[PDB]
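What follows is a short report on a single structure.
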Amino acid sequence: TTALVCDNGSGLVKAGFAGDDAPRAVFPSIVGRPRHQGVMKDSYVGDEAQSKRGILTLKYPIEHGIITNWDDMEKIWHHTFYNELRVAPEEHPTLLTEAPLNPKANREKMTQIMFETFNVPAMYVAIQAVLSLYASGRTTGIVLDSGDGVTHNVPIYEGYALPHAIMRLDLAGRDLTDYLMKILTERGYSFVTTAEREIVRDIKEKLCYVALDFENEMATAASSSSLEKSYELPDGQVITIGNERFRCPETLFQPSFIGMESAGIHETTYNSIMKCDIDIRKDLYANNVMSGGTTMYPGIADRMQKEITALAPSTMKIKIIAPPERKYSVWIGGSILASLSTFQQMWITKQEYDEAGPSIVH
Amino acid sequence: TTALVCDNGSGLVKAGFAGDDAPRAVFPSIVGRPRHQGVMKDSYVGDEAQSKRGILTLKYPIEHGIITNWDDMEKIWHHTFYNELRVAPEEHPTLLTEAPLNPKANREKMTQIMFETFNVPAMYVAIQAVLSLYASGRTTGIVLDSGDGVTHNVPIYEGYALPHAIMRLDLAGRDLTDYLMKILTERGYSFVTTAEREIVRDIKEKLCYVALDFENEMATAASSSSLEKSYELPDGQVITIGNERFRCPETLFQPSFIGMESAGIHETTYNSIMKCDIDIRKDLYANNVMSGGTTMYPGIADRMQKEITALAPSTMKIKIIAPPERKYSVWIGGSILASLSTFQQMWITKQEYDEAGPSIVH
Amino acid sequence: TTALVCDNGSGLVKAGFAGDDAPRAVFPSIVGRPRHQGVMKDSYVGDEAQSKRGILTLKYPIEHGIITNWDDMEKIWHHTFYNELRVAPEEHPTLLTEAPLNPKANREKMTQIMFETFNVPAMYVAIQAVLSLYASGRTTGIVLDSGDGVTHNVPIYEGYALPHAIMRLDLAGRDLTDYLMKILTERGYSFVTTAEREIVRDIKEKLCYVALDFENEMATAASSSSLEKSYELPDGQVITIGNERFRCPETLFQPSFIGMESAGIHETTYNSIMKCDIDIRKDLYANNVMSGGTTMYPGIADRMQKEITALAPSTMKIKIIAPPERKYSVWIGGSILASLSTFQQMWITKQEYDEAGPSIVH
Amino acid sequence: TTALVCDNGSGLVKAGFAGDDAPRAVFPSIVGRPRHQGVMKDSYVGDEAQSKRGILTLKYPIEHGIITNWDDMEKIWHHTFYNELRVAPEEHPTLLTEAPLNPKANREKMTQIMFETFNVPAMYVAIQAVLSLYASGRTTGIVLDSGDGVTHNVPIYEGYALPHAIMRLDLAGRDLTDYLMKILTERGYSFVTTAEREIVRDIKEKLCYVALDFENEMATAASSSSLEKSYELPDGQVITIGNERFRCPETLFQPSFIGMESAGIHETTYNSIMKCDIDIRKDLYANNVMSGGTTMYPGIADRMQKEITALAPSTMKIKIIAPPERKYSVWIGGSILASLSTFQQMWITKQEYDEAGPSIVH
Amino acid sequence: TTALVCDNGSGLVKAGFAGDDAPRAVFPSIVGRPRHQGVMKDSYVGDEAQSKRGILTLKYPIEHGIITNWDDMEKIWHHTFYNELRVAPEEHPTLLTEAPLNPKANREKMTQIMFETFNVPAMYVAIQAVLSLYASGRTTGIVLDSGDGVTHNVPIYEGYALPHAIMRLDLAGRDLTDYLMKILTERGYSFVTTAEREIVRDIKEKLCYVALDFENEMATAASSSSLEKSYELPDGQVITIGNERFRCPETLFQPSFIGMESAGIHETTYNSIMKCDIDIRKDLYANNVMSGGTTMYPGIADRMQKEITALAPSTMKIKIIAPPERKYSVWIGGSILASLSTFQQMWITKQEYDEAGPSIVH
Ligand SMILES: Nc1ncnc2c1ncn2[C@@H]1O[C@H](COP(=O)(O)OP(=O)(O)NP(=O)(O)O)[C@@H](O)[C@H]1O
Ligand SMILES: Nc1ncnc2c1ncn2[C@@H]1O[C@H](COP(=O)(O)OP(=O)(O)NP(=O)(O)O)[C@@H](O)[C@H]1O
Ligand SMILES: Nc1ncnc2c1ncn2[C@@H]1O[C@H](COP(=O)(O)OP(=O)(O)NP(=O)(O)O)[C@@H](O)[C@H]1O
Ligand SMILES: Nc1ncnc2c1ncn2[C@@H]1O[C@H](COP(=O)(O)OP(=O)(O)NP(=O)(O)O)[C@@H](O)[C@H]1O
Ligand SMILES: Nc1ncnc2c1ncn2[C@@H]1O[C@H](COP(=O)(O)OP(=O)(O)NP(=O)(O)O)[C@@H](O)[C@H]1O
Ligand SMILES: [Mg+2]
Ligand SMILES: [Mg+2]
Ligand SMILES: [Mg+2]
Ligand SMILES: [Mg+2]
Ligand SMILES: [Mg+2]
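Note that the protein sequences, when read in sequence, are chains W, P, R, U and Y. Just so we're aligned: the first sequence equals residues 7 to 46, 52 to 373 in the UniProt record's numbering. Just so we're aligned: the second sequence equals residues 7 to 46, 52 to 373 in the UniProt record's numbering. Just so we're aligned: the third sequence equals residues 7 to 46, 52 to 373 in the UniProt record's numbering. Just so we're aligned: the fourth sequence equals residues 7 to 46, 52 to 373 in the UniProt record's numbering. Just so we're aligned: the fifth sequence equals residues 7 to 46, 52 to 373 in the UniProt record's numbering.
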């Protein structure tokens with residue numbers, strides 16, 4: 007029987023069964039609806060929306076970790092269970108995930124629906140970063156979890172999270188996508204459509220990388236070189252991309268490029284550690300775990316180390332952990348946690364919920 | 007001596023001397039070449060192309076704010092200086108204008124030519140929207156600059172532009188022209204030629220207006236009424252136009268009519284403001300400046316106010332500024348700026364350019 | 007001629023002339039610099060930074076009572092004298108204030124600058140809490156002085172301070188501000204910017220209050236009631252705030268909410284008294300003076316009395332003194348002290364300083 | 007005019023005018039000086060030192076009947092005349108008192124000061140015990156005079172003192188005070204300060220009593236009973252005292268409790284009588300006069316009788332005289348003596364002194 | 007079989023088996039409990060609390076030699092026997108230690124628990140100072156025993172303690188720790204946390220020393236010199252400490268620095284000797300034994316000699332004994348005493364106790 011694990015985040019839905027070592031269904035959190043008049052099914056989800064992307068207007072029900080369009084959200088869950096996993100929801104307890112510091116009501120309504128729409132016998136909502144650490148197999152470390160919608164820092168020491176130093180930025184994969192949509196027009200590549208937004212997403216994933224030394228990377232870039240790469244569009248049009256390959260991901264470190272007043276990840280993580288007790292700090296430095304799909308950028312860990320070692324004390328050893336399959340870290344953690352025998356009492360039982368009411372999930 | 011100001015945009019070339027309160031030469035950015043065999052001068056520009064429009068194939072060297080046909084572009088500049096303004100280029104520094112977010116290379120090559128072909132001692136390229144604001148005489152406001160080729164929103168606050176919220180659409184005067192060429196065929200008026208495209212341009216300017224309440228405007232239109240207007244073609248053929256008088260300009264607000272997935276101007280401007288800091292927003296709302304010839308449509312400002320006040324907060328005062336001579340706003344701003352004594356150090360000197368190289372203009 | 011009194015604290019600069027009953031210049035200790043590229052004056056202070064808050068990055072030169080950014084600090088002093096008070100520094104002796112237990116070097120360098128940059132003929136640095144007591148007009152009492160950067164307890168008996176029982180916490184107005192920036196996101200109000208930090212400051216001052224019975228205040232809060240208040244943002248957006256109105260100021264009493272291991276103010280003050288001689292204690296209890304702008308919270312005095320009477324002996328009369336204009340207490344005291352004829356020998360004369368050297372101020 | 011009588015002893019200064027039936031000024035022989043840094052008058056005397064006791068370090072210029080700190084001693088005399096009695100010293104002759112067997116130089120210097128500092132026209136120094144007997148109105152009896160600093164036995168028969176049997180112990184009120192400061196820590200009441208020493212003095216005077224049968228008083232004390240008393244400190248702290256109520260005064264009878272090898276008062280007085288002629292003894296037994304403030308303990312006379320009757324012969328009638336106002340006995344005697352017409356030739360005249368020199372007072 | 011010796015003092019627990027020449031278990035008397043929410052074992056002792064110090068709130072069950080938190084006290088004893096020594100309590104008689112003049116009830120309850128909780132067949136409580144002398148191997152000397160919680164002087168002559176001259180101060184290692192926590196903020200090192208208190212403890216032990224000539228040590232300190240030392244925090248932050256290295260331990264000699272009215276150790280010890288018989292004094296002077304961990308400060312013995320020789324007579328030889336391993340002196344003495352054959356009758360047998368009752372231990 008076991009249980010279901012559903013990392014219902016922004017961008018991608020990663021779902022499978024608790025106890026498995028990998029998701030069974032990985033697909034976009036996208037709902038598509040016929041842009042053009044048509045009628046010469053007005054509801055496509057995930058891979059459907061992808062395959063018919065050039066007709067549909069693609070929407071993301073979740074933005075910045077927040078479920079905005081609840082109808083579309085429900086729609087996706089429906090597919091997740093009935094069409095993707097092929098499971099009768101009510102036979103399994105469900106583990107959901109959430110980004111720390113989300114609007115309280117987000118979780119409240121989310122779990123409500125699981126109980127009412129899907130008749131899920133029991134459920135639990137876990138903080139994504141916590142699961143990520145748990146996935147790697149550590150009790151101590153600071154988690155830099157950065158995905159499509161949010162970026163956050165959660166410091167955990169020997170099983171104890173330190174809430175007061177949790178950091179959260181809106182810089183994320185989707186912002187990076189849009190930044191390319193902007194700067195590609197410097198060459199003239201008007202990637203202005205939603206379909207093109209998705210194309211650009213593919214461009215990120217294949218061509219972008221993190222500069223180790225941005226200033227000299229730009230100096231290098233000024234000279235014609237290996238930096239220049241070609242890319243094949245769906246219509247056969249070849250795109251030449253150069254500076255943008257690293258100028259885009261650099262915005263994670265220099266947010267002002269996009270327009271954010273906040274500090275870059277380097278300093279954001281640093282500050283999180285600064286807000287923790289001195290006796291803890293050392294261990295956080297030696298256990299800096301990165302996870303989430305934006306950390307899939309080439310050399311992001313190396314650049315991270317470079318700058319955080321500059322920020323920290325010279326006698327402070329810093330180790331960044333880049334556990335491969337970073338992209339699925341949270342889901343993995345969920346699988347583990349749900350299988351854990353000492354986690355069974357953590358399930359909120361429908362009966363219990365019905366008695367207690369919404370508030371119980373917080 | 008002073009200087010020259012040249013608003014070399016799409017559709018119209020607006021040129022004159024810095025310090026004047028109006029352009030001296032206003033003519034179409036059109037190059038015409040004998041369509042028919044002929045030979046029973053194969054290069055006509057502006058008013059020439061207009062006067063001989065029924066023979067020539069009329070081309071626009073600039074499209075969507077981008078100089079596409081550089082040979083024809085140069086040709087027009089040649090006439091601008093030598094035949095229109097009657098000026099020996101090299102005696103004056105030249106102010107050029109450009110739509111924000113254009114292909115970097117556009118400006119690069121443009122200025123190259125000014126230095127090499129015309130020996131222009133010095134030059135400067137300014138963003139059109141910026142000049143527009145400057146023309147009205149404000150340091151704060153959001154500029155909705157919409158002309159023949161592009162539509163864009165530039166938010167400026169006390170002299171500081173906010174790049175990250177600049178919006179840009181391809182909806183424009185030329186698109187509107189073509190939309191009429193399409194929908195006039197509903198009655199049967201096959202305006203399919205290039206010559207006819209130009210005729211239709213005239214039709215826009217004289218008969219189109221912006222509906223305040225499109226839905227009831229259509230309901231009104233369903234009944235025979237004052238809406239129906241006659242129009243005289245060059246060959247004496249009378250054209251009857253009704254619904255189209257407002258259905259065409261409505262596409263600026265409902266882009267899907269043409270086929271664009273983007274939001275209408277109402278929401279485009281709104282979103283631009285949303286991306287700006289909350290402390291700024293209020294002033295942007297009370298200083299919404301419209302400029303560019305597409306804003307010459309009757310009641311476009313009133314309709315704009317209607318919808319943006321619907322989008323904004325009920326406690327938010329919104330004022331739309333429609334400074335008459337909107338059509339020449341940018342050029343006016345240029346004249347002012349160039350005359351400004353504290354602008355003289357902004358000129359890029361040929362010597363300086365020759366040393367630095369192309370990149371200096373960015 | 008008289009003298010100048012300058013309560014150069016964190017958050018607000020309160021300055022005026024000695025002998026006046028109120029400050030002449032009250033403005034924020036803030037330096038603002040253009041966040042965005044700009045240049046489409053890069054130094055704004057106090058009210059300037061406020062008026063242009065949505066462009067500038069606002070920094071506080073002073074943090075936790077410590078002058079961190081000395082260049083910006085000097086900048087503010089410059090404005091204080093030349094633009095705010097309109098006084099030629101060198102014509103007046105200056106009274107400065109300082110929070111007890113500050114880094115020795117803070118005062119050293121501060122006074123150095125007054126002598127060297129501003130040519131101030133003479134000066135004196137007084138402990139803020141001492142002046143506060145002096146302002147109320149008492150020789151005996153314990154001063155709970157709590158402002159933007161620091162909170163401290165100074166026990167004074169018949170003119171004799173008791174150093175060994177001075178308490179000092181980092182809990183302060185600014186921390187409270189940030190706590191709201193955090194907990195408002197429970198509803199979803201992402202007040203994440205610096206501009207928004209300032210907006211939140213305004214929210215504190217208008218909506219926050221101190222719960223008398225926090226536990227039942229929360230129980231009350233659980234039910235929809237009068238607790239819920241609306242707030243108008245600069246962009247017209249209405250914010251609904253409830254629990255947070257008292258959960259924020261409660262952190263002064265339960266520091267762990269923020270993340271501090273220290274005791275709440277109740278016990279902090281109590282402990283200060285415990286460290287004083289038994290023969291003194293009684294009078295300290297009957298003369299508990301509160302001052303500083305954080306004590307402007309509604310009912311903070313009443314709550315204070317409640318808990319301190321619980322902590323103290325049942326036969327011990329406790330009276331909390333909330334002398335209105337608590338917010339300006341220190342400055343007032345300074346005015347009085349400086350006017351005092353028997354205070355004139357306390358001025359450190361530039362000549363004297365030049366001979367003695369820095370150390371003299373301690 | 008009359009004269010002044012000044013019982014300048016340890017602990018208390020009892021002064022007034024000769025001829026009065028009571029002292030006009032009764033205050034502590036204490037000089038207080040600001041313990042803490044202060045200066046945020053460094054000389055307080057008597058009631059001043061008491062009122063400001065929690066700041067000042069309280070010192071007793073006199074210890075064990077000996078003037079140790081002469082500067083502080085003079086200080087007190089200054090107040091005695093100028094602030095307390097409001098008398099111009101030089102207008103009156105002064106009667107001083109002294110404990111028998113004091114260091115010769117004590118009297119020498121004391122009287123010197125009266126003549127030189129205060130210009131006292133004439134003076135006389137009387138033995139305290141002698142005056143005490145004189146106060147009661149007897150010519151025969153043995154005087155047990157026991158106060159703050161000394162305890163002594165002076166046997167006088169029909170106006171003739173018997174020097175060779177004068178006894179003197181250092182056991183005294185102050186020692187008893189300190190003994191409580193010690194034994195109260197058995198319960199945990201750390202009365203360790205000087206301020207607390209004074210508090211403990213108050214405790215003595217209100218709660219201590221002399222056990223009649225110490226051994227069974229302890230046996231009684233072992234059972235929870237009426238013995239337990241509460242006491243209110245200046246800070247409202249309630250103190251519970253039991254065994255100590257009589258264990259402290261018992262040390263007068265069992266000096267080893269403190270650490271003295273000498274015999275208790277019972278045997279000390281007994282021995283004094285033993286050293287007197289047999290023909291005298293009987294009358295001494297029937298006239299055992301107790302005086303001095305330590306004899307204010309409840310039941311001390313009764314206990315005294317108990318034990319001295321045990322020590323003496325069974326046929327020997329013993330009567331202990333406890334003339335109420337024992338505490339002021341000496342001063343009273345002084346008043347009487349000074350008013351006595353046949354005492355006027357006993358005054359040492361300044362002229363006489365100036366001729367004779369110091370030695371005259373012995 | 008032998009016995010167990012447990013020097014259960016404040017700060018450190020020093021335990022081992024009687025007959026051994028050193029403790030087997032030396033660990034902090036600290037109980038730690040998760041400060042932060044946690045649960046993302053709530054009872055850590057000694058080395059556990061140390062290793063997890065940055066999470067836990069560390070408490071000392073014993074303060075000033077008094078067991079305050081009995082539950083935590085018991086907890087530590089539990090670990091002492093079961094986890095540290097690995098001994099089944101009931102198989103051994105236990106020697107406990109206590110600081111002279113402690114609250115009677117402290118010992119009463121302590122021994123109760125040993126009999127009831129741990130079923131200890133027999134026990135004895137010895138005065139710490141006595142054991143210390145015994146450890147050195149002397150019958151005559153004055154013991155200056157100064158540790159984490161208390162400082163006391165016990166004079167013993169040829170096996171006879173002299174109770175009436177036992178001195179006791181609250182000045183101690185912990186007070187010194189806190190004094191650094193205060194004065195380090197003069198440079199700006201806000202060591203305000205409990206974790207930091209412990210860090211500061213380490214700072215004491217490695218950098219503090221006793222000035223021989225404090226006044227000229229300060230004069231020396233005024234000049235930049237070798238006095239300045241660096242220190243490495245757990246987070247790699249380097250701390251520079253100078254004056255504080257000796258200003259902190261100086262408070263043992265000038266208590267007013269902290270805020271105590273009592274005399275410094277120099278005079279405290281001196282006075283103890285003054286209260287002893289003159290025939291004894293000489294031997295006490297030549298046998299001044301120092302013990303307890305606060306006497307581990309560099310040069311404390313030398314400074315002690317300096318000042319006590321100033322206080323004593325010039326013909327009085329003074330020798331201070333600093334028997335290395337001063338820190339474990341008491342425990343050592345206990346081991347010896349317990350092994351002593353003529354000490355076996357001193358054990359209080361559970362049977363005996365059960366008959367007699369609590370009071371027997373006094
Ligand atoms: N292979 C890749 N290389 C670079 N970037 C990637 C890669 N894969 C994903 N990312 C991008 O960054 C985001 C990664 O998605 P993902 O980590 O699953 O976020 P999420 O956990 O699902 N959403 P959330 O945690 O709610 O913000 C997407 O926008 C991807 O475009
Ligand atoms: N009187 C008018 N009434 C309505 N529309 C007009 C009028 N005049 C111009 N427009 C139309 O809208 C466009 C206005 O031209 P114009 O503002 O000069 O654009 P531009 O600034 O020259 N080109 P650009 O800024 O590069 O997009 C032309 O297509 C005109 O047909
Ligand atoms: N009217 C108010 N109501 C509630 N809180 C206030 C009010 N006014 C000020 N405070 C807040 O608490 C702080 C008060 O400022 P203030 O007492 O002047 O501190 P300060 O004396 O200038 N700084 P310092 O003494 O150096 O910590 C600011 O953060 C205010 O937001
Ligand atoms: N009401 C009282 N009850 C018990 N003891 C008292 C009382 N009054 C005084 N004594 C105590 O015993 C001492 C009495 O003071 P007092 O008899 O005036 O001594 P003195 O004559 O002034 N000094 P001296 O004769 O020089 O030793 C003080 O220490 C008092 O605390
Ligand atoms: N190596 C050292 N150098 C300087 N000081 C030390 C050193 N070791 C210990 N002390 C300090 O002084 C105290 C010594 O501990 P310790 O002598 O064991 O006291 P204790 O006997 O256990 N407690 P107590 O006798 O009940 O007051 C601790 O606070 C230490 O920080
Ligand atoms: Mg995620
Ligand atoms: Mg234009
Ligand atoms: Mg203040
Ligand atoms: Mg007397
Ligand atoms: Mg010890």
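Note that the Cβ used here is the ideal one computed from N, Cα and C, for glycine as well.
Residues bridged to residue i by DSSP?
{"i": "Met178 of chain P", "result": "P:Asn164"}
{"i": "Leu106 of chain R", "result": "R:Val11, R:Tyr135"}
{"i": "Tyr145 of chain R", "result": "Paired residue(s): none; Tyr145 of chain R is not in a bridge."}
Thinking just about the alpha-carbon of each residue, which of the options is nearest to the one in residue i?
{"i": "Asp224 of chain P", "options": "P:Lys317, P:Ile252, P:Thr205, P:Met192", "result": "P:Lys317"}
{"i": "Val11 of chain Y", "options": "Y:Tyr339, Y:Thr262, Y:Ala321, Y:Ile124", "result": "Y:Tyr339"}
{"i": "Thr151 of chain U", "options": "U:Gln356, U:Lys293, U:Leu322", "result": "U:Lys293"}
{"i": "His373 of chain P", "options": "P:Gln265, P:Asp313, P:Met134", "result": "P:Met134"}
Just the Cα atoms here: how many angstroms apart are residue i and residue j?
{"i": "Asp159 of chain W", "j": "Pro29 of chain W", "result": "18 Å"}
{"i": "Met125 of chain Y", "j": "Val56 of chain Y", "result": "19 Å"}
Around the C-beta of residue i, are 16 or more other C-beta atoms found within 10 angstroms, so that it is buried, or is it exposed?
{"i": "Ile252 of chain U", "result": "buried"}
{"i": "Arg97 of chain W", "result": "exposed"}
{"i": "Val300 of chain U", "result": "buried"}
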